[PDB]
Amino acid sequence: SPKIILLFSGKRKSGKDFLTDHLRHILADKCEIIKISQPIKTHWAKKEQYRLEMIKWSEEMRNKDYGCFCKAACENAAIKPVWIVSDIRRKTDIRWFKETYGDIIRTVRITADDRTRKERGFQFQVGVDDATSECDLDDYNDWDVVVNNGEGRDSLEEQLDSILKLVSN
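Naming follows the PDB entry, where the protein appears as Phosphomevalonate kinase of Bombyx mori. Recorded under Subcellular location (unreviewed entry), the UniProt text for the protein is reproduced unchanged: "Cytoplasm, Cytosol". A UniProt comment under Pathway (unreviewed entry) is attached to the protein, and it reads "Isoprenoid biosynthesis; isopentenyl diphosphate biosynthesis via mevalonate pathway; isopentenyl diphosphate from (R)-mevalonate: step 2/3."

This is the structure:
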(Lines give C-alpha, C1' and ligand atoms only; values in the text may rest on other atoms or scores of the structure.)
Protein backbone atom coordinates (compact mmCIF):
# COMPACT_ATOMS: atom_id res chain seq x y z
CA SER A 1 0.00 0.00 0.00
CA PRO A 2 1.04 3.69 0.18
CA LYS A 3 2.60 4.54 3.60
CA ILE A 4 0.33 7.60 4.19
CA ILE A 5 -2.86 8.83 2.45
CA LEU A 6 -3.58 12.60 2.80
CA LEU A 7 -7.29 13.37 2.27
CA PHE A 8 -7.77 17.05 1.46
CA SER A 9 -11.16 18.80 1.90
CA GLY A 10 -12.02 22.42 1.23
CA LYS A 11 -14.63 24.65 -0.33
CA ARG A 12 -13.98 26.17 -3.76
CA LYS A 13 -11.72 29.28 -3.64
CA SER A 14 -10.25 27.99 -0.29
CA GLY A 15 -6.88 27.42 -2.04
CA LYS A 16 -6.92 23.63 -1.45
CA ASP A 17 -6.08 23.04 -5.18
CA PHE A 18 -3.22 25.61 -4.97
CA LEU A 19 -1.81 23.93 -1.82
CA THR A 20 -2.19 20.33 -3.14
CA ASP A 21 -0.44 21.40 -6.40
CA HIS A 22 2.49 22.96 -4.42
CA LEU A 23 2.66 19.84 -2.21
CA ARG A 24 2.68 17.54 -5.31
CA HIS A 25 5.63 19.51 -6.83
CA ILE A 26 7.59 19.43 -3.53
CA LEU A 27 7.06 15.66 -2.97
CA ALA A 28 7.61 14.95 -6.75
CA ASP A 29 8.17 11.18 -7.32
CA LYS A 30 7.40 10.31 -3.63
CA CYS A 31 3.67 11.11 -4.22
CA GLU A 32 0.64 10.25 -6.42
CA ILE A 33 -2.24 12.76 -6.82
CA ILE A 34 -5.67 11.06 -6.75
CA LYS A 35 -8.92 12.83 -7.74
CA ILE A 36 -12.05 10.91 -6.79
CA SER A 37 -14.05 13.03 -9.32
CA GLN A 38 -11.84 11.72 -12.17
CA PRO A 39 -13.95 8.52 -12.65
CA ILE A 40 -17.00 10.81 -13.18
CA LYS A 41 -15.21 12.93 -15.85
CA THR A 42 -13.80 9.74 -17.52
CA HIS A 43 -17.36 8.17 -17.65
CA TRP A 44 -18.75 11.42 -19.19
CA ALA A 45 -15.88 11.52 -21.80
CA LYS A 46 -16.94 7.91 -22.73
CA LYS A 47 -19.64 23.18 -18.05
CA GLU A 48 -23.35 23.40 -17.03
CA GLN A 49 -23.83 20.59 -19.66
CA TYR A 50 -21.43 18.40 -17.58
CA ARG A 51 -23.29 19.27 -14.35
CA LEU A 52 -26.77 18.71 -15.74
CA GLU A 53 -25.81 15.28 -17.14
CA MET A 54 -23.41 14.10 -14.39
CA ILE A 55 -24.50 15.41 -10.94
CA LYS A 56 -27.71 13.36 -10.65
CA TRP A 57 -25.97 10.26 -12.23
CA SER A 58 -22.94 10.43 -9.87
CA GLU A 59 -25.18 11.01 -6.80
CA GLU A 60 -27.26 7.93 -7.73
CA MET A 61 -24.14 5.77 -8.33
CA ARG A 62 -22.68 6.87 -4.91
CA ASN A 63 -26.13 6.37 -3.19
CA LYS A 64 -25.98 2.71 -4.42
CA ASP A 65 -22.28 2.18 -3.57
CA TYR A 66 -20.72 4.90 -1.41
CA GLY A 67 -17.17 3.83 -2.37
CA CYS A 68 -17.71 3.48 -6.19
CA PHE A 69 -15.62 6.55 -7.22
CA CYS A 70 -13.01 6.15 -4.40
CA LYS A 71 -12.46 2.47 -5.45
CA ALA A 72 -12.16 3.46 -9.17
CA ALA A 73 -9.68 6.32 -8.38
CA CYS A 74 -7.55 4.10 -6.03
CA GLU A 75 -7.51 1.08 -8.41
CA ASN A 76 -5.96 3.38 -11.08
CA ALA A 77 -3.38 5.01 -8.73
CA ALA A 78 0.33 4.16 -8.96
CA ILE A 79 1.57 2.92 -5.52
CA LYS A 80 3.79 5.71 -4.04
CA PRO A 81 4.84 6.27 -0.41
CA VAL A 82 2.45 9.30 -0.23
CA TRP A 83 -1.04 9.51 -1.75
CA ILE A 84 -2.62 13.00 -1.99
CA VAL A 85 -6.38 12.73 -2.51
CA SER A 86 -7.01 16.35 -3.51
CA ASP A 87 -10.87 16.44 -3.69
CA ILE A 88 -12.57 14.55 -0.80
CA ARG A 89 -16.09 16.03 -0.39
CA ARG A 90 -18.24 13.68 1.68
CA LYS A 91 -18.15 11.90 5.04
CA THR A 92 -18.72 8.64 3.09
CA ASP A 93 -15.45 9.33 1.15
CA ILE A 94 -13.52 9.49 4.45
CA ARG A 95 -15.42 6.42 5.72
CA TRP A 96 -14.51 4.34 2.62
CA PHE A 97 -10.80 5.38 2.89
CA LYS A 98 -10.67 4.58 6.63
CA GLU A 99 -12.46 1.21 6.16
CA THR A 100 -10.10 0.27 3.31
CA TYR A 101 -6.70 1.61 4.46
CA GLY A 102 -7.13 2.06 8.23
CA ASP A 103 -4.89 4.33 10.29
CA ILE A 104 -2.61 5.49 7.37
CA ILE A 105 -5.36 8.08 6.54
CA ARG A 106 -4.79 11.69 7.55
CA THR A 107 -7.51 14.31 6.96
CA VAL A 108 -6.66 17.87 6.07
CA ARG A 109 -9.19 20.70 5.90
CA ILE A 110 -8.36 23.97 4.10
CA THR A 111 -10.55 26.91 5.18
CA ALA A 112 -10.92 30.55 4.03
CA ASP A 113 -13.23 33.37 5.31
CA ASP A 114 -15.87 34.63 2.78
CA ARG A 115 -14.08 38.05 2.29
CA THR A 116 -10.92 36.22 1.19
CA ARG A 117 -12.89 33.87 -1.08
CA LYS A 118 -14.63 36.91 -2.71
CA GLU A 119 -11.10 38.39 -3.35
CA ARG A 120 -10.35 35.13 -5.27
CA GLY A 121 -13.48 35.67 -7.45
CA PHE A 122 -16.05 33.75 -5.33
CA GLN A 123 -19.65 34.59 -6.24
CA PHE A 124 -22.31 32.54 -4.36
CA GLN A 125 -23.89 29.96 -6.73
CA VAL A 126 -27.03 28.33 -5.25
CA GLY A 127 -26.91 24.56 -5.85
CA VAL A 128 -23.09 24.67 -5.99
CA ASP A 129 -22.43 26.39 -2.61
CA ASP A 130 -25.56 25.10 -0.74
CA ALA A 131 -24.98 21.56 -2.18
CA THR A 132 -23.73 18.41 -0.34
CA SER A 133 -20.68 18.59 -2.72
CA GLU A 134 -19.43 21.80 -0.97
CA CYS A 135 -21.00 21.44 2.54
CA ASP A 136 -20.94 17.74 3.61
CA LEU A 137 -17.67 18.12 5.65
CA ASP A 138 -18.47 21.54 7.18
CA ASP A 139 -19.41 19.87 10.51
CA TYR A 140 -16.71 17.12 10.44
CA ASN A 141 -14.97 17.01 13.86
CA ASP A 142 -12.06 14.58 13.35
CA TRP A 143 -9.56 16.67 11.22
CA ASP A 144 -5.85 15.79 11.64
CA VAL A 145 -4.87 19.23 10.30
CA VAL A 146 -6.89 22.39 9.65
CA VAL A 147 -5.14 25.01 7.49
CA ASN A 148 -6.43 28.58 7.76
CA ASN A 149 -5.91 30.00 4.23
CA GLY A 150 -7.86 33.22 4.81
CA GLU A 151 -7.52 36.11 7.24
CA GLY A 152 -4.68 35.29 9.68
CA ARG A 153 -3.11 32.55 7.56
CA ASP A 154 0.53 31.63 8.05
CA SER A 155 3.14 32.06 5.28
CA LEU A 156 2.80 29.71 2.29
CA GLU A 157 6.10 28.12 3.43
CA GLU A 158 4.66 27.46 6.97
CA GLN A 159 1.33 26.15 5.53
CA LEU A 160 3.19 23.62 3.31
CA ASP A 161 5.51 22.69 6.25
CA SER A 162 2.42 21.98 8.54
CA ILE A 163 1.25 19.40 5.93
CA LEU A 164 4.79 18.08 5.10
CA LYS A 165 5.23 17.36 8.87
CA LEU A 166 2.69 14.50 8.31
CA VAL A 167 5.02 12.64 5.82
CA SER A 168 8.51 13.63 7.13
CA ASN A 169 9.29 10.21 8.72
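Caption draft 1: Up close: the UniProt feature "binding site: substrate" (unreviewed entry) in the protein. If you check UniProt for "binding site: substrate" (unreviewed entry), the listed places come out as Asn149 in our numbering. Among the structural elements, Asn149 can be located in the loop between β5 (145-148) and α8 (156-164). In this structure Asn149 comes out as buried when scored by relative accessible area, which is 3%. If sequence neighbours within four positions are ignored, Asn149 has contacts with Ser14, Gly15, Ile110, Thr111, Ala112, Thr116, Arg120 and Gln159.

Caption draft 2: Geometry of the packing of aromatic side chains. Scanning the entire structure with this criterion turns up seven aromatic pairs. On the numbers, 6.0 Å between centres and 50° between planes, the contact of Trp57 with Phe69 is tilted. Of the two residues, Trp57 sits in helix α3 (residues 48-64) while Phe69 sits in helix α4 (residues 68-75), which places them 12 residues apart along the sequence. With a centroid separation of 4.7 Å and an interplanar angle of 70°, the aromatic rings of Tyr140 and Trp143 are classed as edge-to-face. Taken individually, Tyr140 and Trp143 each receive the classification buried, so the pair is uniform in this respect. The positively charged end of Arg117 is found above the aromatic ring belonging to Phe122, 4.1 Å away from the centroid.

Caption draft 3: Spotlight on the pairing of strand β4 (residues 105-111). The buried count for β4 comes to five of seven residues, which makes it a mostly enclosed element. Sheet analysis places strand β1 (residues 4-10) next to β4, joined by six bridges and oriented parallel. Residue pairing across strands places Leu6 opposite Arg106, the latter belonging to β4. With four bridges connecting them, β4 and β5 associate as parallel partners. Residue pairing for β5: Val108 is matched across the bridge by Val145.

Caption draft 4: Region of interest: the pattern of salt bridges. Inspection of every chain in the model, using the stated rule, returns 13 salt bridges. Taking the shortest distance from any N to any O, the salt bridge between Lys16 and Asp17 comes out at 2.9 Å. What makes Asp17 exposed here is its relative accessible area of 52%. A salt bridge links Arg95 to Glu99; its shortest N-O distance comes to 3.2 Å. Of the two residues, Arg95 and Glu99 are both situated in helix α5 (residues 91-101); the distance of four residues between them amounts to about one turn of the helix. Since its relative accessible area comes to 55%, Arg95 is described here as exposed.

What counts, and at which threshold
Residues numbered from 1 in each chain as written, not as in the entry; some residues may be left out. Heavy atoms only, no water. UniProt positions renumbered as here; feature names shortened; annotations may be inferred. Helix = DSSP H or I, 4+ residues; strand = E, 2+ residues; numbered from the N terminus. Buried < 20%, exposed > 50% of the residue type's maximum accessible area, 1.4 Å probe, protein only. Contact = heavy atoms within 4.5 Å. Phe/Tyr/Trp six-rings, centres within 6.5 Å; stacked < 30°, edge-to-face > 60°. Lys NZ or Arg CZ within 6 Å of the ring centre and 35° of its normal. Pairing = 2+ DSSP bridges. Salt bridge = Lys/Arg side-chain N within 4 Å of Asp/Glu carboxyl O.

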